[PDB]
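Asks: A single structure is presented below for examination.
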Amino acid sequence: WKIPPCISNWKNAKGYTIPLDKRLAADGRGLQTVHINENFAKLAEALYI
Amino acid sequence: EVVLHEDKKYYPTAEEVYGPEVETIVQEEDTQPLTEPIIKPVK
Amino acid sequence: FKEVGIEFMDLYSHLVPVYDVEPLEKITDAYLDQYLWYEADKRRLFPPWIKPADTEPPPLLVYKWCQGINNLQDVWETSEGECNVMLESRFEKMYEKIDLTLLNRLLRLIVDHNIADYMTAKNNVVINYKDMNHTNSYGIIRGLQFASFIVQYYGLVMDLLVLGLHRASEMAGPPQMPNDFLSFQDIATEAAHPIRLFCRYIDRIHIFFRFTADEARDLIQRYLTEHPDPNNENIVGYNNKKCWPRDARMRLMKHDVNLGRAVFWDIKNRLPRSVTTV
Amino acid sequence: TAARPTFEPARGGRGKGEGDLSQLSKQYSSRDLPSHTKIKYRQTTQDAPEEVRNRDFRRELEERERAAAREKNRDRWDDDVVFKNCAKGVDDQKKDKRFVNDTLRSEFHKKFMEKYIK
Amino acid sequence: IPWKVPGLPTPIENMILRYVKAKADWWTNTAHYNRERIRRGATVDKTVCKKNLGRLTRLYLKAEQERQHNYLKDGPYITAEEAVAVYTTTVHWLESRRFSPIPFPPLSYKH
Amino acid sequence: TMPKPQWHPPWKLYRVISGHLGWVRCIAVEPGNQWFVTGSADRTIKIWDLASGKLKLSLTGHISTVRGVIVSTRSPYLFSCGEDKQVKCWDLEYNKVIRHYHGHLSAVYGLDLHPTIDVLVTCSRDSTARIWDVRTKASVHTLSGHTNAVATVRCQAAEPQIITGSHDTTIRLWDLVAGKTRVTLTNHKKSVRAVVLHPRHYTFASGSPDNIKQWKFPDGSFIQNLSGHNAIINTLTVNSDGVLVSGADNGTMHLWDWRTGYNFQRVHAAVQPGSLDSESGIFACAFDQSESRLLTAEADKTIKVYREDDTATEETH
């Protein structure tokens, strides 16, 4: 039941300096996992043919 | 069998999540407008 | 390319995107747009139904359209059974759905491969608003200086899809002697097909149809085959113009309502919903 | 500092009507003038508690339920064009019956964003 | 921005998601209401016009990130038979009109 | 096994009513089973048809979330309260607000009508309960003595006439005449968010996330301890057949024997299609005047309606 602190991308009210790994610790935009489809291939190859 | 973005069906149907015995009621705008009243005066 | 900004112009009934491009890129795009339109008008790329043309104000466009309807052969005769149909519609998400790979393919058909690669890779930028960053991987950017050329040419491609190569070639005429906007080569080439007049304003379509009773009944038979109506419900959802008086609006006859819905159905089937819809 | 949250509310019991009527002030709002100085009561036809007391509610509720279910039951040239009929069996695909508990993926919001941005 | 705290108890995380969805609903319904008021011409403030524009562009870009993601996930919609039809129709048209392709703007172009 | 519990038939959902655009925070049934009110966080009050489940009216006028709604039994009125700080009387002859009750310093969380005097009582977040005359819209007393937000309040005709739990984990049994506390019951460890009154047996129940407790009325004696529904419970309601309903913030709802304190059914209902798994939750539940339907106001912006299963004993512990 421990609550880690809130390192915000917007508010720095007491003007602190936070290390980059703690600053860019937004996991959700790193696990977004840009994944492609397989029907791009059929389209591109058919257009070249 | 391509699904366009205009359909893109998430969130399966209310009959599919509650079942056939539960009857689902979706109510947008209402019967008897605000002039037609609740409990009627003695006329 | 560097990221472009976006904001919205509020027109109080709908919003319009306003795009913010880097100045060096904007100068290169503006010269490219000038060069593309000058070389397209020399080479006669756009046929005269691509409508925002230079020597035509939009009221002159409506005036030419009206006198072009009037100057069709036996256009007001209804004695043997003949109908006129006027379809006015749009290409609903025409901007939003231009696949940039196929756009590269068509632009490499038109211009040099370097210019076409520039125009394709220019549409794929990052859009920003105050926190928000995404990448335009599917649509186009309307605010590019040369986006007008891409829009009118993609609309030309879909005009070829709607009309077909034969009737569009009959409208454009021969390449050695092209005709102007609402004019054919012969009276016999006018009445060869039911599509008589056709213009395209930027994403607005205007077709005029002349039907004999046989073709009208056949096309209504095809619509009622694919979409039957046992309860006569086609007269309910039919919109009419409520601006004009009661004697002045379109009457609700079963034949005319079925013919209007059937002509709309036939034009609607000519476009894949992945390209645009109507 | 100046900009700060609350973390506790202001308590009641120390102003204008709280203990001694704030020691009997002679200040009164225009919203504190006499208005609706007569309680209306339920009449015999409306739902007076004399009439509500003897009523069997389950039989009447079952009858109205049966009537509602019965009402819902009794209610219910150029052949050479490169693309054929793309919509064959699309009988309007009842999205307007679905209701979604999501303000971004609702049908009303998709109609909203389709209407108000061009 | 997709919000995930790496270590956080799931009751706190679920409760925060619940109340953030509630504030999302309030924000969005207020935006719909004020947009209908601005459309009909009703009495509105100028600040509510600016706030409403700022909410509408933010909702549009949420939907637009959603649409670009659904395009990169769900493949082409174009169904390559149809794209070959489009390309081949354009080729037959451009050879029908005897079109001359636009060159690169030359090194000594007079215009 | 010291007691032998009465068999109660199990309950089942048969109707999911939908149409609010916010958390449905309150519900109440009309004295004649013709309709029922809900109040929600979309700042409206909706009259629903109780038989057909059809929206009968929608009443706008609140500036914030509607927290409590009650229909008067003596008078043709509809009292409502909100996070607005506003307490209102709706004349149902006209469907318009005729009287607004002013004086709450912060949000108003619940309200109840006295069954015989025409006196409204309200809970607020400013640690007070207020006592209002309906006819003169004035504060008779300000029940102060809780230290945190006041969550729920009830009323009797008989002794202690005002019973209120609050977020300071205490429950005060009051004097309507004097305006002072008679009994402070501190037995709960977490916040009391629902008190409920039995129609016959002159006892009451109270709920907090640790456990739920049953209590004699004159001075608050401990009688019993109903445990096992360990979530943040929001409402409790009593059937005259001795069925107690406990609905929680996590959507879980338990069905209980009043007398022996036995759990005969657990109901974990499912969310609406668009809704989220973290959004299952019950804020209100109420029986109809026939006491054969259970109306629950859910956190997925729904109203779920339950009735008894007509199949015989498959049950008994």
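By convention here, the chains of the structure tokens are called A, B, ... in the order presented, each chain's residues are numbered starting at 1, and ligands are numbered starting at 1 in the order presented.
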So that I can see what lies close to stretch 33-49 of chain A, please list as a PyMOL selection string the residues with an atom at most 8 Å from it, counting only C-alpha atoms and leaving out residues fewer than 2 positions away in the same chain.
Replies: (chain A and resi 30-31) or (chain C and resi 101-102+105) or (chain E and resi 72-76+79-81+83-84+87)
Asks: Given the selection you just returned, output its residues as a file containing N, CA and C atoms, formatted as a tab-separated table (two decimals), in the first residue's frame.
Replies:
```tsv
chain	number	residue	atom	x	y	z
A	30	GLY	N	5.64	4.38	-23.45
A	30	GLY	CA	6.76	3.56	-23.89
A	30	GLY	C	6.30	2.16	-24.21
A	31	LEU	N	5.18	1.74	-23.63
A	31	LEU	CA	4.56	0.46	-23.95
A	31	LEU	C	3.44	0.60	-24.97
C	101	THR	N	0.41	6.14	-49.93
C	101	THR	CA	1.11	5.26	-50.86
C	101	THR	C	0.49	5.33	-52.25
C	102	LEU	N	-0.83	5.19	-52.33
C	102	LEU	CA	-1.54	5.33	-53.60
C	102	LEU	C	-1.45	6.76	-54.13
C	105	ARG	N	1.71	6.85	-55.88
C	105	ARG	CA	1.57	6.16	-57.16
C	105	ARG	C	0.96	7.06	-58.24
E	72	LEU	N	-2.97	2.50	-38.68
E	72	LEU	CA	-1.72	1.74	-38.62
E	72	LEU	C	-1.94	0.33	-38.08
E	73	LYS	N	-3.02	0.10	-37.34
E	73	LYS	CA	-3.35	-1.23	-36.86
E	73	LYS	C	-4.18	-2.05	-37.84
E	74	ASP	N	-5.26	-1.49	-38.37
E	74	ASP	CA	-6.20	-2.23	-39.20
E	74	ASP	C	-5.80	-2.29	-40.67
E	75	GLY	N	-4.57	-1.90	-41.00
E	75	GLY	CA	-4.06	-2.06	-42.34
E	75	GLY	C	-4.62	-1.03	-43.29
E	76	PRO	N	-4.41	-1.23	-44.59
E	76	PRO	CA	-5.10	-0.40	-45.57
E	76	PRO	C	-6.57	-0.71	-45.53
E	79	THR	N	-8.05	-2.07	-49.98
E	79	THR	CA	-8.33	-3.40	-50.54
E	79	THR	C	-7.76	-3.54	-51.95
E	80	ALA	N	-6.45	-3.78	-52.04
E	80	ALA	CA	-5.55	-3.59	-53.18
E	80	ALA	C	-6.06	-3.91	-54.58
E	81	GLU	N	-7.03	-4.82	-54.71
E	81	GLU	CA	-7.77	-4.96	-55.96
E	81	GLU	C	-8.39	-3.63	-56.39
E	83	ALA	N	-7.41	-0.67	-55.40
E	83	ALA	CA	-6.35	0.30	-55.66
E	83	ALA	C	-5.71	0.06	-57.02
E	84	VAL	N	-5.60	-1.20	-57.44
E	84	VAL	CA	-5.16	-1.52	-58.79
E	84	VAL	C	-6.18	-1.04	-59.81
E	87	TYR	N	-5.63	2.77	-60.01
E	87	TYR	CA	-4.38	3.06	-60.71
E	87	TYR	C	-4.50	2.79	-62.20
```
Asks: If we count only C-alpha atoms, which residues of chain F reach to within 9 Å of chain E? Please list them as a list in words.
Replies: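 Going by the stated atoms only, the list reads residues 21, 22, 23, 41, 42, 276, 277, 278 and 279 of chain F.
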Asks: Given the selection you just returned, output its residues as a file containing C-alpha atoms, formatted as a compact mmCIF listing (two decimals), in the first residue's frame.
Replies:
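So the final result, stored in part-v7.txt, reads:
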```
# COMPACT_ATOMS: atom_id res chain seq x y z
CA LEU F 21 -25.06 10.84 -18.63
CA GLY F 22 -23.52 10.77 -15.16
CA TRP F 23 -23.34 8.55 -12.06
CA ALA F 41 -24.33 13.71 -11.80
CA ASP F 42 -25.63 15.02 -15.14
CA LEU F 276 -15.15 0.22 -17.54
CA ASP F 277 -14.26 -2.52 -15.03
CA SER F 278 -13.21 0.09 -12.44
CA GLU F 279 -16.63 1.75 -12.80
```
Asks: Quick one: everything within 9 Å of stretch 8-16 of chain B, counting only C-alpha atoms, minus sequence neighbours fewer than 2 positions away in the same chain. Send it as a ChimeraX atom specification.
Replies: /B:3-6,18-24 /D:98-100,105 /E:70 /F:272-275
Asks: What's the 6 Å shell around stretch 37-42 of chain D, counting only C-alpha atoms, without same-chain residues fewer than 3 positions away, as an MDAnalysis selection string?
Replies: (chainID D and resid 46 48) or (chainID F and resid 75:76 135)
Asks: What is the distance, in Å and to one decimal place, between atom CA of residue C:35 and atom CA of residue E:102?
Replies: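 Rounded to one decimal, the two atoms are 9.4 Å apart.
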Asks: Please determine the contact residues of chain D with respect to chain F at a cut-off of 10 Å, counting only C-alpha atoms, and supply them as a PyMOL selection string.
Replies: chain D and resi 8-19+21+31-43+46-49+51-53+55-69+71-72+98-103+105-106
Asks: Since we have the selection now, will you write its residues out, keeping C-alpha atoms, as a compact mmCIF listing (two decimals), in the first residue's frame?
Replies:
```txt
# COMPACT_ATOMS: atom_id res chain seq x y z
CA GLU D 8 -10.91 20.70 5.53
CA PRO D 9 -14.18 22.59 4.94
CA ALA D 10 -15.66 25.59 6.70
CA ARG D 11 -17.90 24.41 9.53
CA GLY D 12 -21.48 25.51 10.04
CA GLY D 13 -23.06 26.89 13.19
CA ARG D 14 -21.55 30.41 13.36
CA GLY D 15 -23.64 32.64 11.09
CA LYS D 16 -27.12 34.16 10.51
CA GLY D 17 -29.56 31.69 12.06
CA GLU D 18 -27.18 29.45 14.00
CA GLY D 19 -27.65 29.47 17.77
CA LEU D 21 -30.23 33.88 14.98
CA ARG D 31 -35.34 35.86 -1.04
CA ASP D 32 -36.44 35.79 2.63
CA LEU D 33 -39.73 37.65 2.16
CA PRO D 34 -42.96 35.64 2.61
CA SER D 35 -43.60 33.38 -0.38
CA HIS D 36 -45.54 30.11 -0.74
CA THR D 37 -46.93 30.47 2.78
CA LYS D 38 -49.39 27.59 2.39
CA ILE D 39 -48.48 23.90 2.14
CA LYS D 40 -50.52 22.12 -0.50
CA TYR D 41 -51.63 18.66 0.56
CA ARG D 42 -52.56 15.55 -1.39
CA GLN D 43 -56.25 15.35 -2.24
CA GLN D 46 -54.14 12.33 -6.05
CA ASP D 47 -52.34 9.94 -3.65
CA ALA D 48 -53.56 10.80 -0.09
CA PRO D 49 -52.24 8.44 2.65
CA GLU D 51 -55.98 5.88 -0.13
CA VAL D 52 -52.42 4.49 -0.14
CA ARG D 53 -52.90 2.48 3.05
CA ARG D 55 -54.02 -0.57 -1.58
CA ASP D 56 -52.47 -3.88 -2.64
CA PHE D 57 -49.59 -2.65 -4.76
CA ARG D 58 -48.32 -5.99 -6.08
CA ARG D 59 -51.44 -6.90 -8.07
CA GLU D 60 -51.67 -3.45 -9.68
CA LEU D 61 -47.94 -3.44 -10.40
CA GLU D 62 -48.16 -6.88 -12.03
CA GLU D 63 -51.15 -5.71 -14.09
CA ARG D 64 -49.32 -2.59 -15.32
CA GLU D 65 -46.22 -4.71 -16.02
CA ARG D 66 -48.35 -7.13 -18.05
CA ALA D 67 -49.96 -4.27 -19.99
CA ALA D 68 -46.56 -2.71 -20.72
CA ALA D 69 -45.17 -6.04 -21.93
CA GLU D 71 -47.92 -3.09 -25.57
CA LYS D 72 -44.25 -3.75 -26.35
CA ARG D 98 -26.60 0.91 -29.26
CA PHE D 99 -25.78 3.00 -26.21
CA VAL D 100 -22.13 3.28 -25.18
CA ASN D 101 -20.86 4.36 -21.74
CA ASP D 102 -17.90 6.22 -23.22
CA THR D 103 -17.98 9.90 -24.13
CA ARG D 105 -16.70 6.35 -28.53
CA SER D 106 -20.42 7.12 -28.21
```
Asks: Counting only C-alpha atoms, what is within 9 Å of residue B:30, bar same-chain residues fewer than 3 positions away, as a VMD selection string?
Replies: (chain B and resid 27 33) or (chain F and resid 54 to 58)
Asks: Write a file of the selected residues as a tab-separated table (two decimals), in the first residue's frame, keeping N, CA and C atoms.
Replies:
```tsv
chain	number	residue	atom	x	y	z
B	27	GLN	N	-33.01	4.88	-22.88
B	27	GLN	CA	-33.94	6.00	-22.92
B	27	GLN	C	-33.21	7.32	-23.11
B	33	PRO	N	-44.04	16.23	-22.21
B	33	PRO	CA	-43.17	17.38	-21.94
B	33	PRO	C	-43.58	18.16	-20.68
F	54	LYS	N	-39.80	3.38	-18.65
F	54	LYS	CA	-39.71	4.38	-19.69
F	54	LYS	C	-39.60	5.76	-19.06
F	55	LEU	N	-38.74	6.60	-19.64
F	55	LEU	CA	-38.47	7.92	-19.10
F	55	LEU	C	-39.70	8.80	-19.18
F	56	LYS	N	-40.17	9.24	-18.02
F	56	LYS	CA	-41.44	9.94	-17.95
F	56	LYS	C	-41.23	11.45	-17.97
F	57	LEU	N	-40.12	11.94	-17.41
F	57	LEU	CA	-39.82	13.37	-17.41
F	57	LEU	C	-38.36	13.59	-17.05
F	58	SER	N	-37.80	14.71	-17.50
F	58	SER	CA	-36.45	15.13	-17.12
F	58	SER	C	-36.50	16.58	-16.66
```
Asks: Show me, as a VMD selection string, the residues of chain C whose atoms get within 8 Å of chain D, using only C-alpha atoms for the distance check.
Replies: chain C and resid 13 to 17 161 to 164 193 to 194 215 226 266 269 to 272
Asks: Just the residues within 9 Å of residue D:104, please, counting only C-alpha atoms, with nothing from its chain fewer than 6 positions along; format it as a list in words.
Replies: residues 110 of chain D; 28, 59, 62 and 63 of chain E
Asks: Put those residues in a file: N, CA, C and O atoms, as a compact mmCIF listing (two decimals), in the first residue's frame.
Replies:
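out_26.txt, freshly written:
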```txt
# COMPACT_ATOMS: atom_id res chain seq x y z
N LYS D 110 -19.78 10.81 -31.95
CA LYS D 110 -19.32 10.67 -33.32
C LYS D 110 -20.15 11.52 -34.27
O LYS D 110 -19.61 12.14 -35.20
N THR E 28 -16.89 16.90 -21.23
CA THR E 28 -17.37 16.66 -22.58
C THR E 28 -18.83 17.08 -22.74
O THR E 28 -19.20 17.66 -23.77
N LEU E 59 -10.60 17.58 -28.21
CA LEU E 59 -11.38 16.39 -28.53
C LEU E 59 -11.11 15.89 -29.95
O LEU E 59 -11.04 14.67 -30.18
N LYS E 62 -7.77 14.11 -29.96
CA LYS E 62 -7.91 12.78 -29.37
C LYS E 62 -8.50 11.79 -30.37
O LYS E 62 -7.96 10.69 -30.56
N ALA E 63 -9.57 12.19 -31.07
CA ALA E 63 -10.16 11.32 -32.08
C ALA E 63 -9.22 11.10 -33.27
O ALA E 63 -9.24 10.04 -33.89
```
Asks: Which residue is closest to chain C? Choose from E:3, E:60, E:33, E:104 and count only C-alpha atoms.
Replies: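 Comparing E:3, E:60, E:33, E:104 against chain C, the winner is E:104.
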